[PDB]
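Position one of the sequence shown corresponds to residue 1 (the entry's author numbering), numbered consecutively onward.
Worksheet: the structure to be examined is printed underneath.
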Amino acid sequence: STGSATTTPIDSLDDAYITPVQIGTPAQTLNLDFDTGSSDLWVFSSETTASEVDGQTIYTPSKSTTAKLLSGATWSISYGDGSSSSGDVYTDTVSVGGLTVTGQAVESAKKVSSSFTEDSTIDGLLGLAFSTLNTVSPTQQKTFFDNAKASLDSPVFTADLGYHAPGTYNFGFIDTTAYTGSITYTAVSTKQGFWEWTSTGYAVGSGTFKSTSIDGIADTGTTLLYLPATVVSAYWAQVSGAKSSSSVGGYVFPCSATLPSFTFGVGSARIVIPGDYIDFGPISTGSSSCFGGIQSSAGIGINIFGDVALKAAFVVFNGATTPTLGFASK
């Protein structure tokens, strides 16, 4: 089998991407944030505290003839941005772009933190990291990809995120029309549960490529590119007036600037992020200070190849017995 679904930016900045997902019988369609940095499929629901729902579409398990309470199971998750959610668990039929999994754990939120409530466009998350990170207790549950894998034509999914435009998540096949050149594959460590890999270096604008190993995670659920402070300083030093602002929480730059590109290495191959992809707009409405799309990872504990990086590439998440990642230009 295969599946293919369009993913759409939630706003004019590409702060996140939503993909429609069918849950239950009859189908209830929710727009989920596909997150290769986490491993829970959780949704706003008829069980979510009413004051914490503000415009989201909810899953109502009592209206699904295929929903079954997973007795005794609870979940609770906290994300790198400080947000969180928790609740109980159902199993139900879940379909993405024509690919159907029966018995998928659908984690129903009883509580969500303010940032989720405040984002009316995201009805939940669909985790695509390794199932060892799944938070369901006392019986850990598998991701949608893990459950689908054996049925897929090939044990892979691909992320083709758009810049200020829709893109595609494919399951079970590699669309050879969706990228240019060849796909360069690179090793993955699953030891932390992430799609963790090592970039071979970077360049700023037309500058020379610096060969240096940068371990990080391919994370569709993170907006920006988080890299070591040395790399990030080298980038922003090429932008007149750019500075790190403790009050804003990262590098800002004059909105009048033209940003240089940023290149990252995948083996001997190179992925170029155009400068425009690094502009996240005014820090507050009407400000002439703009927020940068490349930020330091120094306070995180891990480097994160988020959407800013991934949207410059066609990315293969290869879930073969030894997983690997593939990157192609497009």
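Ideal Cβ positions, reconstructed from N, Cα and C, are used throughout, including at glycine.
Among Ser211, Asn134 and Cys290, whose alpha-carbon lies nearest the alpha-carbon of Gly267?
Counting from 1 along the sequence shown, the entry for residue 267 is found at position 267. Selected option, being the one with the closest Cα: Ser211.
Does the Cβ of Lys68 have 16 or more other Cβ atoms within 10 Å, making it buried, or fewer, making it exposed?
Residue 68 sits at position 68 when you count from the first residue of the sequence shown. Exposed, by the Cβ-count rule.
So what does DSSP say about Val232, is it helix, strand or coil?
On the sequence shown, residue 232 is found 232 positions in, with the first residue counted as 1. Helix, per DSSP.
Quick check: the Cα distance between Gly286 and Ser12, rounded to an integer number of angstroms?
For the purposes of this step, residue 286 is identified with residue 286 of the sequence shown, where counting begins at 1. For the purposes of this step, residue 12 is identified with residue 12 of the sequence shown, where counting begins at 1. Cα-Cα distance, rounded: 15 Å.
For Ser71, count neighbouring Cβ atoms within 10 angstroms of its own Cβ and tell me buried if that reaches 16, exposed if not.
Here residue 71 is taken as the residue at index 71 of the sequence shown, counted from 1. Looking at its Cβ environment, which holds fewer than 16 other Cβ atoms inside 10 Å, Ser71 is exposed.
Buried or exposed for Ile278, going by 16 or more other Cβ atoms inside 10 Å?
For this step, residue 278 is matched to residue 278 along the sequence shown. It is buried - the Cβ of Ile278 has at least 16 other Cβ atoms within 10 Å.
Output needed for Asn31: all residues of its chain with C-beta closer than 6 Å, excluding positions within five of it in sequence on either side, in chain order.
Residue mapping note: residue 31 aligns to position 31 of the sequence shown, counting from 1. Once the five neighbours on either side are set aside, the close Cβ partners of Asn31 are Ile18, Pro20 and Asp123.
Would you check if the distance between the CB atom of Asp54 and the CB atom of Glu107 is smaller than 9 Å?
For the purposes of this step, residue 54 is taken as residue 54 along the sequence shown, with counting starting at 1. For the purposes of this step, residue 107 is taken as residue 107 along the sequence shown, with counting starting at 1. Going by C-beta atoms, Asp54 is not nearer than 9 Å to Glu107.
Can the beta-carbon of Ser85 be found closer than 9 Å to that of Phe116?
Here the question's residue 85 lines up with position 85 in the sequence shown. Here the question's residue 116 lines up with position 116 in the sequence shown. Contact: yes.
Residue range of the unbroken alpha helix (DSSP H) whose run includes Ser115:
In the sequence shown, residue 115 corresponds to position 115, counting from 1. Unbroken alpha helix (DSSP H) run through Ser115: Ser114 to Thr117.
Would DSSP call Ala187 helix, strand or coil?
Within the sequence shown, the letter at position 187 stands for residue 187. Strand, per DSSP.
Where does the unbroken beta strand (DSSP E) through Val21 begin, and where does it stop?
Taking the first residue of the sequence shown as position 1, residue 21 is located at position 21. Unbroken beta strand (DSSP E) run through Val21: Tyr17 to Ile23.
C-alpha gap between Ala148 and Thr2, whole angstroms
Numbered from its first residue, the sequence shown carries residue 148 at position 148. Numbered from its first residue, the sequence shown carries residue 2 at position 2. Whole-angstrom Cα-Cα distance: 9 Å.
Compare the beta carbon distance of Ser206 and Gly265 with 9 Å and say whether it is the shorter of the two.
For the purposes of this step, residue 206 is identified with residue 206 of the sequence shown, where counting begins at 1. For the purposes of this step, residue 265 is identified with residue 265 of the sequence shown, where counting begins at 1. Taking 9 Å as the Cβ cut-off, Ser206 and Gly265 do not qualify as a contacting pair.
contact_flag[the stretch 222–239, the stretch 154–166] where n(CB pairs < 8 Å) is 3 or more
A contact is defined here as three or more CB-CB pairs under 8 Å, and the stretch 222–239 fails this definition with respect to the stretch 154–166.
Counting C-beta neighbours from all protein chains within 10 Å, is the total for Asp14 16 or more, i.e. buried, or is it exposed?
On the sequence shown, residue 14 is found 14 positions in, with the first residue counted as 1. In this structure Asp14 is buried. Its beta-carbon is surrounded by 16 or more other beta-carbon atoms within 10 angstroms.
Using CA coordinates, which residue listed in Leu224, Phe171, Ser51 and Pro61 is at the minimum distance from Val43?
Against the sequence shown, residue 43 aligns to sequence position 43. Ranking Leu224, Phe171, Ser51 and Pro61 by Cα distance to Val43 puts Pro61 first.
What residue ranges within the stretch 146–190 form continuous beta strand (DSSP E) runs of no fewer than 3 residues, ordered along the chain?
156–160, 167–171 and 184–187
Taking the beta strand (DSSP E) that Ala309 falls in, what are its first and last residues?
As a position in the sequence shown, residue 309 is number 309, starting the count at 1. Looking at the DSSP string, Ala309 is not in any beta strand (DSSP E); the run it does join, the alpha helix (DSSP H), is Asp307 to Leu310.
CA-to-CA distance, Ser151 to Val101, given in whole angstroms:
By 1-based counting over the sequence shown, the position of residue 101 is 101. By 1-based counting over the sequence shown, the position of residue 151 is 151. Cα-Cα distance, rounded: 9 Å.
Where the beta strand (DSSP E) through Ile77 begins and ends
Along the sequence shown, read from residue 1 onward, the residue named residue 77 stands at position 77. From DSSP, the beta strand (DSSP E) with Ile77 extends over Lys68 to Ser78.
Would you list the one or two residues that DSSP bridges to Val248?
The residue given as residue 248 occupies position 248 in the sequence shown. None, per the DSSP bridge assignment.
Please check the pair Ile217 and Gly37, which I expect to be a contact at CB under 8 Å, by giving their CB distance rounded to whole angstroms.
Taking the first residue of the sequence shown as position 1, residue 217 is located at position 217. Taking the first residue of the sequence shown as position 1, residue 37 is located at position 37. That belief holds up - the Cβ atoms of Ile217 and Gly37 are roughly 6 Å apart, short of 8 Å.
Residues in the same chain with beta-carbon distance under 8 Å from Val136, minus the five sequence neighbours each way, listed in chain order, please.
Taking the sequence shown and counting its residues from 1, the one referred to as residue 136 is at position 136. Correct list, in chain order: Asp40, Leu70, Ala73, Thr74, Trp75, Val89, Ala105 and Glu107.
Let me check you understand the geometry: is the CB of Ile217 closer than 8 Å to at least one non-hydrogen atom of the ligand SAH?
This structure lacks the ligand SAH; in fact it carries no ligand of any kind.
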